[PDB]
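Listed next as structure tokens is one chain, alone, in the form deposited in one PDB entry.
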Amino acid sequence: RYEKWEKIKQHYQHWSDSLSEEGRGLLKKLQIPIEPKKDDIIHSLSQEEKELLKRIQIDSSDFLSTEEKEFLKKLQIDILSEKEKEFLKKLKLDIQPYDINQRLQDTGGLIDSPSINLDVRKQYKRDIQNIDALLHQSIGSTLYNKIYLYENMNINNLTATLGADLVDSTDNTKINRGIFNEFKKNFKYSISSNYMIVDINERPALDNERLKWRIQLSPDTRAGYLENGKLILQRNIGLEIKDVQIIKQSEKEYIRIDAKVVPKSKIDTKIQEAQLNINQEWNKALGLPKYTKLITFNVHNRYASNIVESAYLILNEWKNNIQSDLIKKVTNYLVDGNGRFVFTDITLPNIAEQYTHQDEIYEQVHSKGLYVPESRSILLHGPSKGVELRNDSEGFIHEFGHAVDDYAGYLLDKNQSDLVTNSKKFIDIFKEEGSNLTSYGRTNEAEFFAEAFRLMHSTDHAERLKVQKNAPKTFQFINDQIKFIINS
């Protein structure tokens, strides 16, 4: 148990002894992000802004996850309208931990993406370049095949959709065998865009870590020793998935993931070939020029191969459930504007089809899915889970709804082009029926339309007939738009 640890520490002893205090402080910052002091945050707020924060329904937002929602209440004591939300978009930018590994994962290593303040962007960059320079010693040719390294991971880090149901709801000690097969099916390779922190000895799983990686390094894999029996691995490494089994440890069930480090360029080649194949297949099915590049794989993180494989399934569901003529007409419009279907595992603000048109960082959006009219692109984020979405296919269809909204309004007036949902016809329909469908449907006309569009093309035909019944004018309006497009 401790012999492996002693030999690893020995191998890196000179490297460790050689670390400056600055180098040590940096490794520490990497392991422990610097959290915002709830103290400081309030002292920067004005009187009217403090008042607005206290009187704001904190847990009732869209943009705030459990981390930021909780942090905001934490000083709600210590102290929704459009005003409240414009405020919250700005405030969200000032409460992010300084977190080097999170910056690397969010950007997929593309750290110059204009998704954070330039000054902090350069700080991250310096820290990352300095850590890279620290990690120069390889594990070597005598140790690499004699040791295993381990990482406990939350299933939600890879797929939040499947992670909702990975644990047997009847018996939490068991893994749902069916969901396991779907997690495993298309899981052949993995990318680490940040620095993996791994244990020399397998650690008992703590709360919400049902994935237990066992990893074999390559001789060239650079790493550094961390106190208490850990390694930090260089960033940008490829991992080939060798085996995925259900195992039992202390009368509970876990998923063992065996992986082998390989050159990242090997994985990136696989991803690029796959991007070629899916474009060729779909250019044909859509009747587009053979060389059209419509589908982008922007893939950099640990569930890489599944982002790739699920795009196929998402586009099949797309084609199965939407009229062929509608798909061809709208997609041609998108390609006319140099549009893309972007399937990605980095956050959407770090996607150029969004940030190229959204200079203000407080206006950048991360979410399961996005449609960006300025670049005619649909963005779909693999790892996350959309509220009130059952799967990614449905998310895509919603975003394509936004594209339908775009194109039909263009056809109305093609010199100066607006969204159909901005026409006074739809606006009136929306103030009547806008509350009759989904909760998120209520947000505005664009979302109501896209939601109605999604529901109208559910595989569940109960959900379809509910639109017809509960929102007959919306239902009617959309079929009209669809007809109008197909006939153009």
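Residue indices: 1-based, along the sequence shown.
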With respect to the deposited sequence, how many residues separating residue 387 from residue 388 are not represented by coordinates: none, 1 to 3, 4 to 9, or 10 or more? none
Could you check the entry and say whether 284-292 or 238-246 has the higher mean CA B-factor? 284-292
Using the B-factors recorded in the PDB entry, average over the C-alpha atoms of 67-75 and of 314-322, then report which stretch comes out higher. 67-75
Tell me, please, which of 379, 261, 110, 206 has the highest C-alpha B factor according to the deposited entry? 206
Residue set 152, 169, 193, 201, per-entry CA B-factor max assigned to 169
Entry-reported Cα temperature factor of residue 441, expressed as the chain third it lands in: middle
Sort the modelled residues of this chain by their C-alpha B factor and say whether residue 329 lands in the lowest, middle or highest third. middle
Entry-reported Cα temperature factor of residue 474, expressed as the chain third it lands in: middle
Lowest, middle or highest third: where is residue 45 by Cα B-factor in its chain? highest
Within-chain third of residue 127 by Cα B-factor, per the entry: lowest
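Only in words, not in the display: the form deposited in another entry, which the text now covers.
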Looking at the rigid-body rotation between this form and the one not shown, which one of 327, 432, 281, 93 is the hinge residue? 93
Sense of the change in Cα distance from residue 65 to residue 172 in the other form - at least 3 Å versus the shown form: farther
